[PDB]
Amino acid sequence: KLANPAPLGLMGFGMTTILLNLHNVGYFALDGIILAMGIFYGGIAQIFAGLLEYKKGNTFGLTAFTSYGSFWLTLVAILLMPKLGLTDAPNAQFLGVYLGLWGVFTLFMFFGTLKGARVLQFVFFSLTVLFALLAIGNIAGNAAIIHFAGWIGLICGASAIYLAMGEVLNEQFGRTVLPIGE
């Protein structure tokens, strides 16, 4: 009877992850498109979804969605505080360690997805791999590893968008029109 906020948070997260990984692949630069999306949709909208998981019983969704929206808000801030002259750019090795800490949080949360749907297990698996590769590629500096991570990132966003659209549509019809792997 309380709506499911998981699709909103999953859409917010997934769509924004794709755009950032279109840059990481190399097709585009880290644009105001990625930044605006990280502010309002991958951040704010996902924080909303996470807070709405509270009156549902969902500690995982509360812990997950809220944490990743906060991640997108930190990321946009790291990129935009220099353009405001408050902080200097980041150190990519420090940027690498930052992305690594978010990686282990996802690693633990993966074990939390094991009784849930199978698409959900995949988005947490792929997201751990994405963060891992970016942690390596930024600490050592390999542009190649970051290009490979980018392709893993595009898949991650597509999975999360599908899972969200899976949830919303199965609820809408009453039967599982899009397979998820419950």
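All residue numbers refer to positions in the sequence shown, first residue = 1.
Undergrad: On mean Cα temperature factor in this entry, is 25-33 or 50-58 the higher one?
TA: Of 50-58 and 25-33, the stretch with the higher C-alpha B-factor average is 25-33.
Undergrad: Is the Cα B-factor recorded for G174 in the lowest, middle or highest third of its chain?
TA: Tercile = highest for this residue's CA B-factor.
Undergrad: Comparing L95 with the other modelled residues of its chain, is its CA B-factor in the lowest, middle or highest third?
TA: Its C-alpha B-factor, which the entry lists for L95, ranks in the middle third among residues of this chain.
Undergrad: Ordered by C-alpha B-factor within the chain, which third holds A160? Give me lowest, middle or highest, please.
TA: It belongs to the highest third of the chain when residues are ordered by C-alpha B-factor.
Undergrad: Taking the entry's C-alpha B-factors for this chain, is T113 in the lowest, middle or highest third?
TA: Middle third of the chain for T113's C-alpha B-factor.
Undergrad: Hey, what third does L2 fall into on Cα B-factor, ranked over its chain?
TA: As the PDB entry reports it, the C-alpha B-factor of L2 lands in the middle third of its chain.
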